[PDB]
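The data block below is work-v9.txt; it holds compact mmCIF, C-alpha atoms.
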# COMPACT_ATOMS: atom_id res chain seq x y z
CA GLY X 36 70.75 -10.73 55.68
CA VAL X 37 72.11 -12.07 59.02
CA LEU X 38 72.74 -10.27 62.37
CA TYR X 39 74.60 -11.64 65.45
CA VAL X 40 74.56 -9.71 68.79
CA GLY X 41 76.45 -10.98 71.89
CA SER X 42 76.09 -14.58 70.53
CA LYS X 43 78.80 -17.32 70.30
CA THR X 44 78.54 -19.38 67.05
CA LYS X 45 79.95 -22.43 65.20
CA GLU X 46 78.97 -22.87 61.50
CA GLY X 47 80.60 -25.81 59.61
CA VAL X 48 83.11 -26.82 62.33
CA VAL X 49 85.10 -29.96 63.26
CA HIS X 50 86.24 -29.93 66.93
CA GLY X 51 88.21 -32.58 68.84
CA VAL X 52 88.85 -35.49 66.39
CA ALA X 53 91.06 -37.69 68.64
CA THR X 54 92.34 -40.95 67.05
CA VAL X 55 94.73 -43.80 68.01
CA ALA X 56 95.64 -46.10 65.08
CA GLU X 57 97.79 -49.27 65.52
CA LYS X 58 98.58 -51.21 62.32
CA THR X 59 101.36 -53.84 62.54
CA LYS X 60 101.04 -54.60 58.78
CA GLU X 61 99.17 -52.56 56.11
CA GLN X 62 99.37 -53.84 52.48
CA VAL X 63 97.59 -51.89 49.70
CA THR X 64 97.16 -52.66 45.96
CA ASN X 65 95.19 -50.21 43.81
CA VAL X 66 94.70 -50.68 40.03
CA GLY X 67 92.83 -47.61 38.66
CA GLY X 68 90.62 -47.32 41.83
CA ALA X 69 90.84 -45.27 45.09
CA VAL X 70 91.96 -46.52 48.54
CA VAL X 71 91.96 -44.25 51.63
CA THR X 72 93.06 -45.50 55.05
CA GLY X 73 94.02 -42.32 57.02
CA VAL X 74 92.16 -39.66 59.07
CA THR X 75 90.16 -37.03 57.11
CA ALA X 76 88.57 -33.90 58.69
CA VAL X 77 86.60 -31.51 56.42
CA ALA X 78 84.97 -28.30 57.68
CA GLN X 79 83.10 -26.24 55.06
CA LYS X 80 80.70 -23.30 55.50
CA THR X 81 79.15 -23.33 51.96
CA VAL X 82 79.75 -25.42 48.80
CA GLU X 83 77.80 -24.25 45.73
CA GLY X 84 77.42 -25.36 42.07
CA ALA X 85 75.58 -28.05 40.10
CA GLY X 86 77.22 -31.51 39.64
CA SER X 87 79.98 -30.65 42.19
CA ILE X 88 81.50 -32.96 44.83
CA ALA X 89 81.90 -31.11 48.15
CA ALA X 90 83.81 -33.61 50.31
CA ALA X 91 85.28 -36.96 49.23
CA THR X 92 87.38 -39.41 51.32
CA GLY X 93 87.61 -42.04 48.46
CA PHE X 94 86.79 -41.24 44.77
CA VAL X 95 86.19 -42.96 41.37
CA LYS X 96 84.58 -41.07 38.42
CA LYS X 97 84.27 -42.66 34.90
CA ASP X 98 81.51 -40.50 33.34
CA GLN X 99 80.49 -41.54 29.73
CA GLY M 36 66.67 -12.97 57.27
CA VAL M 37 68.24 -14.28 60.54
CA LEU M 38 68.87 -12.61 63.96
CA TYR M 39 70.79 -14.07 66.96
CA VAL M 40 70.83 -12.23 70.34
CA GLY M 41 72.74 -13.57 73.40
CA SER M 42 72.32 -17.15 72.01
CA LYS M 43 75.04 -19.88 71.71
CA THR M 44 74.76 -21.87 68.41
CA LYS M 45 76.14 -24.91 66.50
CA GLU M 46 75.13 -25.31 62.79
CA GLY M 47 76.74 -28.24 60.90
CA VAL M 48 79.23 -29.27 63.62
CA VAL M 49 81.20 -32.43 64.48
CA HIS M 50 82.41 -32.43 68.12
CA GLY M 51 84.45 -35.08 69.98
CA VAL M 52 84.99 -38.00 67.52
CA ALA M 53 87.21 -40.23 69.71
CA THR M 54 88.48 -43.50 68.10
CA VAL M 55 90.88 -46.37 68.97
CA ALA M 56 91.65 -48.62 65.97
CA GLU M 57 93.84 -51.78 66.25
CA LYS M 58 94.50 -53.73 63.02
CA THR M 59 97.35 -56.29 63.17
CA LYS M 60 96.98 -57.07 59.44
CA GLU M 61 95.16 -54.90 56.87
CA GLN M 62 95.30 -56.20 53.26
CA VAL M 63 93.52 -54.21 50.51
CA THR M 64 93.18 -54.99 46.78
CA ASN M 65 91.16 -52.58 44.66
CA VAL M 66 90.60 -52.89 40.87
CA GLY M 67 88.67 -49.81 39.62
CA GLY M 68 86.55 -49.53 42.83
CA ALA M 69 86.67 -47.48 46.08
CA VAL M 70 87.87 -48.78 49.50
CA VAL M 71 87.84 -46.62 52.65
CA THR M 72 89.13 -47.80 56.02
CA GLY M 73 90.04 -44.60 57.97
CA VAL M 74 88.15 -42.02 60.11
CA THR M 75 86.18 -39.36 58.18
CA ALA M 76 84.62 -36.25 59.82
CA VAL M 77 82.63 -33.85 57.58
CA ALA M 78 81.02 -30.67 58.94
CA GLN M 79 79.12 -28.59 56.37
CA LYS M 80 76.76 -25.64 56.83
CA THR M 81 75.30 -25.67 53.24
CA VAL M 82 75.82 -27.74 50.07
CA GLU M 83 73.84 -26.47 47.08
CA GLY M 84 73.33 -27.46 43.40
CA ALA M 85 71.46 -30.14 41.43
CA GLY M 86 73.16 -33.57 40.96
CA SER M 87 75.92 -32.68 43.51
CA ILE M 88 77.45 -35.05 46.11
CA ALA M 89 77.88 -33.35 49.51
CA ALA M 90 79.81 -35.99 51.46
CA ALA M 91 81.27 -39.25 50.17
CA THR M 92 83.33 -41.64 52.35
CA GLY M 93 83.67 -44.25 49.51
CA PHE M 94 82.14 -43.80 46.01
CA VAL M 95 82.08 -45.22 42.44
CA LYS M 96 80.39 -43.26 39.57
CA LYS M 97 80.10 -44.72 35.99
CA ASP M 98 77.30 -42.57 34.49
CA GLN M 99 76.23 -43.55 30.87
CA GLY P 36 62.81 -15.33 58.87
CA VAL P 37 64.46 -16.63 62.11
CA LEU P 38 65.06 -14.97 65.54
CA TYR P 39 67.04 -16.50 68.46
CA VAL P 40 67.13 -14.77 71.89
CA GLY P 41 69.01 -16.13 74.95
CA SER P 42 68.71 -19.68 73.49
CA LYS P 43 71.37 -22.47 73.21
CA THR P 44 70.99 -24.37 69.88
CA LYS P 45 72.34 -27.32 67.83
CA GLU P 46 71.34 -27.72 64.11
CA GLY P 47 72.91 -30.65 62.22
CA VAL P 48 75.40 -31.76 64.89
CA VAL P 49 77.40 -34.92 65.69
CA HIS P 50 78.60 -34.92 69.34
CA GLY P 51 80.69 -37.68 70.97
CA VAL P 52 81.16 -40.57 68.51
CA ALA P 53 83.38 -42.77 70.74
CA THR P 54 84.56 -45.95 68.93
CA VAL P 55 86.98 -48.79 69.80
CA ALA P 56 87.73 -51.17 66.88
CA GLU P 57 89.95 -54.31 67.06
CA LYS P 58 90.48 -56.19 63.78
CA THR P 59 93.36 -58.72 63.92
CA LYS P 60 92.97 -59.55 60.19
CA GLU P 61 91.13 -57.34 57.67
CA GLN P 62 91.29 -58.54 54.02
CA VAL P 63 89.42 -56.50 51.36
CA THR P 64 89.16 -57.35 47.64
CA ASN P 65 87.12 -54.92 45.56
CA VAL P 66 86.40 -54.87 41.79
CA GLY P 67 84.42 -51.86 40.53
CA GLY P 68 82.40 -51.67 43.81
CA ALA P 69 82.55 -49.69 47.11
CA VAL P 70 83.85 -51.13 50.43
CA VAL P 71 83.78 -48.91 53.55
CA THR P 72 85.13 -50.21 56.85
CA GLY P 73 86.12 -47.00 58.74
CA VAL P 74 84.26 -44.45 60.93
CA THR P 75 82.23 -41.70 59.18
CA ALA P 76 80.70 -38.63 60.87
CA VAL P 77 78.70 -36.16 58.71
CA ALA P 78 77.12 -33.03 60.22
CA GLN P 79 75.20 -30.92 57.68
CA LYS P 80 72.84 -27.95 58.14
CA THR P 81 71.43 -27.95 54.54
CA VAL P 82 71.89 -29.96 51.38
CA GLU P 83 69.86 -28.62 48.45
CA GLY P 84 69.26 -29.49 44.75
CA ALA P 85 67.39 -32.17 42.76
CA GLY P 86 69.12 -35.57 42.24
CA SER P 87 71.87 -34.73 44.82
CA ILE P 88 73.41 -37.15 47.36
CA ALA P 89 73.83 -35.55 50.80
CA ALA P 90 75.81 -38.29 52.55
CA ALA P 91 77.27 -41.57 51.31
CA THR P 92 79.38 -43.90 53.48
CA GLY P 93 79.66 -46.42 50.56
CA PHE P 94 78.08 -46.03 47.08
CA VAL P 95 78.01 -47.38 43.48
CA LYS P 96 76.22 -45.38 40.70
CA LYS P 97 75.87 -46.73 37.07
CA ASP P 98 73.04 -44.58 35.62
CA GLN P 99 72.00 -45.55 31.99
CA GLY Z 36 59.00 -17.63 60.45
CA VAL Z 37 60.66 -18.98 63.66
CA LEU Z 38 61.31 -17.39 67.11
CA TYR Z 39 63.29 -18.97 70.01
CA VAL Z 40 63.41 -17.23 73.44
CA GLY Z 41 65.32 -18.64 76.47
CA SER Z 42 64.93 -22.17 74.97
CA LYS Z 43 67.63 -24.90 74.65
CA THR Z 44 67.26 -26.85 71.32
CA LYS Z 45 68.60 -29.83 69.30
CA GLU Z 46 67.51 -30.10 65.60
CA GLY Z 47 69.03 -32.97 63.53
CA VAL Z 48 71.55 -34.19 66.13
CA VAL Z 49 73.52 -37.40 66.82
CA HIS Z 50 74.80 -37.51 70.43
CA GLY Z 51 76.88 -40.19 72.21
CA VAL Z 52 77.32 -43.02 69.64
CA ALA Z 53 79.58 -45.33 71.70
CA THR Z 54 80.77 -48.54 69.93
CA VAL Z 55 83.17 -51.41 70.71
CA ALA Z 56 83.81 -53.65 67.67
CA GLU Z 57 86.01 -56.81 67.82
CA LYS Z 58 86.51 -58.74 64.55
CA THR Z 59 89.40 -61.25 64.63
CA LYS Z 60 89.00 -62.02 60.89
CA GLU Z 61 87.15 -59.84 58.35
CA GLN Z 62 87.25 -60.99 54.69
CA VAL Z 63 85.40 -58.89 52.08
CA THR Z 64 84.97 -59.55 48.34
CA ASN Z 65 82.94 -57.07 46.30
CA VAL Z 66 82.34 -57.25 42.52
CA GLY Z 67 80.32 -54.17 41.42
CA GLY Z 68 78.28 -54.00 44.69
CA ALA Z 69 78.47 -51.96 47.94
CA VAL Z 70 79.70 -53.31 51.33
CA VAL Z 71 79.79 -51.21 54.53
CA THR Z 72 81.16 -52.55 57.80
CA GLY Z 73 82.12 -49.39 59.79
CA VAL Z 74 80.33 -46.81 62.01
CA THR Z 75 78.33 -44.09 60.20
CA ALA Z 76 76.85 -41.04 62.00
CA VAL Z 77 74.84 -38.55 59.88
CA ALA Z 78 73.21 -35.44 61.37
CA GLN Z 79 71.31 -33.26 58.87
CA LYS Z 80 68.98 -30.30 59.47
CA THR Z 81 67.46 -30.19 55.92
CA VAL Z 82 67.93 -32.19 52.70
CA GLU Z 83 65.89 -30.84 49.77
CA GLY Z 84 65.27 -31.65 46.07
CA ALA Z 85 63.35 -34.26 44.04
CA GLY Z 86 65.06 -37.67 43.51
CA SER Z 87 67.79 -36.85 46.11
CA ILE Z 88 69.38 -39.32 48.58
CA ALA Z 89 69.87 -37.80 52.05
CA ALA Z 90 71.87 -40.51 53.82
CA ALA Z 91 73.25 -43.75 52.39
CA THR Z 92 75.34 -46.20 54.50
CA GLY Z 93 75.66 -48.75 51.62
CA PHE Z 94 74.07 -48.28 48.14
CA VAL Z 95 73.91 -49.57 44.51
CA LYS Z 96 72.08 -47.49 41.81
CA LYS Z 97 71.69 -48.84 38.20
CA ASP Z 98 68.91 -46.59 36.81
CA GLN Z 99 67.78 -47.54 33.20
CA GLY A 36 55.19 -19.91 62.04
CA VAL A 37 56.87 -21.31 65.21
CA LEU A 38 57.54 -19.80 68.69
CA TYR A 39 59.52 -21.46 71.54
CA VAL A 40 59.69 -19.78 74.99
CA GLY A 41 61.64 -21.22 77.98
CA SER A 42 61.24 -24.72 76.40
CA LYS A 43 63.89 -27.50 76.02
CA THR A 44 63.50 -29.34 72.64
CA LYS A 45 64.82 -32.29 70.58
CA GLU A 46 63.68 -32.50 66.90
CA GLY A 47 65.16 -35.36 64.80
CA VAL A 48 67.67 -36.60 67.40
CA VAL A 49 69.62 -39.82 68.01
CA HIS A 50 70.98 -40.02 71.59
CA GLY A 51 73.17 -42.67 73.26
CA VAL A 52 73.47 -45.49 70.67
CA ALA A 53 75.87 -47.72 72.66
CA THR A 54 76.88 -51.05 70.99
CA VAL A 55 79.38 -53.86 71.65
CA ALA A 56 79.85 -56.13 68.62
CA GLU A 57 82.12 -59.23 68.62
CA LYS A 58 82.47 -61.17 65.34
CA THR A 59 85.39 -63.63 65.35
CA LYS A 60 85.00 -64.45 61.62
CA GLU A 61 83.10 -62.29 59.09
CA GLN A 62 83.20 -63.31 55.40
CA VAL A 63 81.28 -61.18 52.88
CA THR A 64 80.87 -61.81 49.12
CA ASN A 65 78.83 -59.30 47.14
CA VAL A 66 78.16 -59.49 43.37
CA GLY A 67 76.18 -56.35 42.36
CA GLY A 68 74.18 -56.27 45.67
CA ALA A 69 74.34 -54.25 48.94
CA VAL A 70 75.65 -55.55 52.31
CA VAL A 71 75.77 -53.52 55.55
CA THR A 72 77.18 -54.90 58.78
CA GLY A 73 78.13 -51.76 60.79
CA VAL A 74 76.42 -49.20 63.06
CA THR A 75 74.39 -46.47 61.31
CA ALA A 76 72.99 -43.43 63.18
CA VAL A 77 70.96 -40.93 61.11
CA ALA A 78 69.32 -37.82 62.60
CA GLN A 79 67.38 -35.63 60.13
CA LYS A 80 65.07 -32.65 60.76
CA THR A 81 63.53 -32.49 57.21
CA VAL A 82 63.99 -34.45 53.97
CA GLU A 83 61.89 -33.06 51.11
CA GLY A 84 61.24 -33.79 47.40
CA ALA A 85 59.32 -36.34 45.32
CA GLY A 86 60.96 -39.79 44.82
CA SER A 87 63.68 -39.00 47.44
CA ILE A 88 65.36 -41.50 49.82
CA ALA A 89 65.88 -40.07 53.31
CA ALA A 90 67.93 -42.81 54.98
CA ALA A 91 69.24 -46.04 53.47
CA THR A 92 71.34 -48.53 55.49
CA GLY A 93 71.65 -51.11 52.62
CA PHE A 94 70.07 -50.57 49.16
CA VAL A 95 69.82 -51.78 45.51
CA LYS A 96 67.94 -49.64 42.90
CA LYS A 97 67.49 -50.91 39.26
CA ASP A 98 64.68 -48.65 37.96
CA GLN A 99 63.57 -49.53 34.33
CA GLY Q 36 51.16 -22.03 63.72
CA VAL Q 37 53.08 -23.60 66.66
CA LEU Q 38 53.71 -22.28 70.21
CA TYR Q 39 55.73 -23.95 73.02
CA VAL Q 40 55.91 -22.27 76.46
CA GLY Q 41 57.85 -23.70 79.44
CA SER Q 42 57.52 -27.27 78.00
CA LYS Q 43 60.21 -29.98 77.44
CA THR Q 44 59.82 -31.80 74.04
CA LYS Q 45 60.97 -34.75 71.88
CA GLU Q 46 59.81 -34.85 68.20
CA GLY Q 47 61.27 -37.73 66.13
CA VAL Q 48 63.78 -38.98 68.72
CA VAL Q 49 65.79 -42.18 69.27
CA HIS Q 50 67.17 -42.47 72.82
CA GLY Q 51 69.40 -45.20 74.29
CA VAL Q 52 69.58 -47.91 71.58
CA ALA Q 53 72.12 -50.04 73.43
CA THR Q 54 72.85 -53.56 72.07
CA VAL Q 55 75.54 -56.21 72.68
CA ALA Q 56 75.86 -58.66 69.78
CA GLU Q 57 78.36 -61.57 69.71
CA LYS Q 58 78.33 -63.63 66.46
CA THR Q 59 81.34 -65.98 66.17
CA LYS Q 60 80.92 -66.79 62.44
CA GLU Q 61 79.06 -64.66 59.86
CA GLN Q 62 79.17 -65.66 56.16
CA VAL Q 63 77.20 -63.51 53.69
CA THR Q 64 76.85 -64.09 49.92
CA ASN Q 65 74.78 -61.56 48.00
CA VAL Q 66 74.11 -61.67 44.23
CA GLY Q 67 71.98 -58.59 43.37
CA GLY Q 68 70.17 -58.63 46.79
CA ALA Q 69 70.34 -56.59 50.04
CA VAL Q 70 71.64 -57.91 53.40
CA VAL Q 71 71.74 -55.85 56.61
CA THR Q 72 73.19 -57.17 59.87
CA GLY Q 73 74.26 -54.07 61.86
CA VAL Q 74 72.55 -51.61 64.24
CA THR Q 75 70.56 -48.82 62.55
CA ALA Q 76 69.09 -45.82 64.38
CA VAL Q 77 67.12 -43.33 62.23
CA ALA Q 78 65.40 -40.29 63.76
CA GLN Q 79 63.50 -38.03 61.35
CA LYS Q 80 61.18 -35.09 62.08
CA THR Q 81 59.67 -34.85 58.51
CA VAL Q 82 60.11 -36.79 55.24
CA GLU Q 83 57.97 -35.34 52.43
CA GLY Q 84 57.21 -36.00 48.73
CA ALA Q 85 55.19 -38.48 46.67
CA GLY Q 86 56.91 -41.88 46.09
CA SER Q 87 59.59 -41.13 48.77
CA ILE Q 88 61.33 -43.67 51.07
CA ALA Q 89 61.81 -42.52 54.69
CA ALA Q 90 64.00 -45.24 56.18
CA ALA Q 91 65.28 -48.35 54.45
CA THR Q 92 66.99 -51.03 56.58
CA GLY Q 93 67.78 -53.38 53.64
CA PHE Q 94 66.13 -52.78 50.24
CA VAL Q 95 65.71 -53.87 46.59
CA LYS Q 96 63.77 -51.71 44.05
CA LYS Q 97 63.39 -53.00 40.41
CA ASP Q 98 60.44 -50.87 39.25
CA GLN Q 99 59.39 -51.49 35.55

Please rewrite the model in this file as structure tokens.
Amino acid sequence: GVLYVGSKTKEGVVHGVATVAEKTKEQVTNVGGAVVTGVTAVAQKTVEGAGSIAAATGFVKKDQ
Amino acid sequence: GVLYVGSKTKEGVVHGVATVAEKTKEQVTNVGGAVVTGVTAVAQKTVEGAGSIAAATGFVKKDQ
Amino acid sequence: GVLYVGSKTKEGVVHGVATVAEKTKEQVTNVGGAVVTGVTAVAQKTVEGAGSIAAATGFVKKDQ
Amino acid sequence: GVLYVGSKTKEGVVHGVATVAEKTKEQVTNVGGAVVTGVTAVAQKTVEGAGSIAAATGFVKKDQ
Amino acid sequence: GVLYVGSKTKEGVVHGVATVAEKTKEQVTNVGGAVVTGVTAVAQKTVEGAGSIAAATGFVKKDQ
Amino acid sequence: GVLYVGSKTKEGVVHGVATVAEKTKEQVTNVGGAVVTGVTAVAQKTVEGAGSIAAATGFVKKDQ
């Protein structure tokens, strides 16, 4: 139970990500792994459940 | 139970990430691992559940 | 039970990460590990559950 | 039970991380380990649960 | 039970981390260990649970 | 039971960690160890639970 009266609110918010990226030469080699080199913005109110991954920029999973 | 009256609020918020990135030469080699080189912004109100991962910029998981 | 009246509030907030990065040569070699070289911002109100990971910038997990 | 009246408040907050980073040559080699060389900002109100990790910049876990 | 009236407040807060870092040559080699060379800002209100890790900049765990 | 009236407050706060670090040559080699060379700011209101770790700068744990 939640009640909001006359109140401004921000729950799980990304505001104003400002980025300048200069890269004369970018060389990437990826054998079975993960490589992430660009801007990532993730806004989530709720993430629910056992063993879950809510936000990942770079990822490698080799369970059992 | 929650009540907000006339009150401004910020729960789980990222505001104003300002970045300048200069990289004349970026060389990446990745064999089965994780490599992360770019801006990541994660705003979450709730993350819930046993054994979960809420925010990962770079990650390697090889359970059992 | 929570009550807010007339009150400004911040709960799990990142505000004004201002970053200048100059990297004439970046060379990364990675073999089954994690390498993280970029900006990470993580605002969270709650993370809940046994054995969870709430924020990782760089991580390696090899349980059992 | 919590009550806020006419009161400004900051719970779990990162404000104003300002960084200048110059690195003419960065060489990284990582075999099964973790290496972190970039800015990390983590703001959390609550992290809850036995055996959990709330914030990791760089980490290696090899349980049993 | 908590009550705030007309009172400014900062609980678990990081404010103004301002850093200039110049490193002409950085060479890192990491075989199964942890290496952290970048800025880390962690603001937490509560971290709760037996055997938990609230903030780790660099870490190696090899339990049993 | 807690009551604040008309009073400014700072509980678990880091304010103004400002550092300039110039290091022309940094060479790190790490076989199963932990090495930490960058700025770390950790502000925590509460960390709770038997056997817990509140803030780790650089760390090695090889229990049993």

| remark: What separates CA of residue 64 (chain P) and CA of residue 99 (chain Z) is a distance of 27.6 Å

| field | Residues within 8 Å of (68.7, -24.1, 71.6), counting all atoms listed in the file, listed as a PyMOL selection string | value | (chain M and resi 42-44) or (chain P and resi 42-45) or (chain Z and resi 39+42-45) or (chain A and resi 43-44)

| query | Separation of CA of residue 40 (chain P) and CA of residue 38 (chain A), in Å? | reply | 11.3 Å

Would you mind listing, as a PDB file with C-alpha atoms, in the frame of the given file, all residues of chain X that have at least one atom within 9 Å of chain P, where all atoms listed in the file are what counts?
ATOM      1  CA  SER X  42      76.090 -14.580  70.530  1.00  0.00           C
ATOM      2  CA  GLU X  46      78.970 -22.870  61.500  1.00  0.00           C
ATOM      3  CA  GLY X  47      80.600 -25.810  59.610  1.00  0.00           C
ATOM      4  CA  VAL X  48      83.110 -26.820  62.330  1.00  0.00           C
ATOM      5  CA  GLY X  68      90.620 -47.320  41.830  1.00  0.00           C
ATOM      6  CA  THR X  72      93.060 -45.500  55.050  1.00  0.00           C
ATOM      7  CA  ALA X  85      75.580 -28.050  40.100  1.00  0.00           C
ATOM      8  CA  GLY X  86      77.220 -31.510  39.640  1.00  0.00           C
TER       9      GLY X  86
END
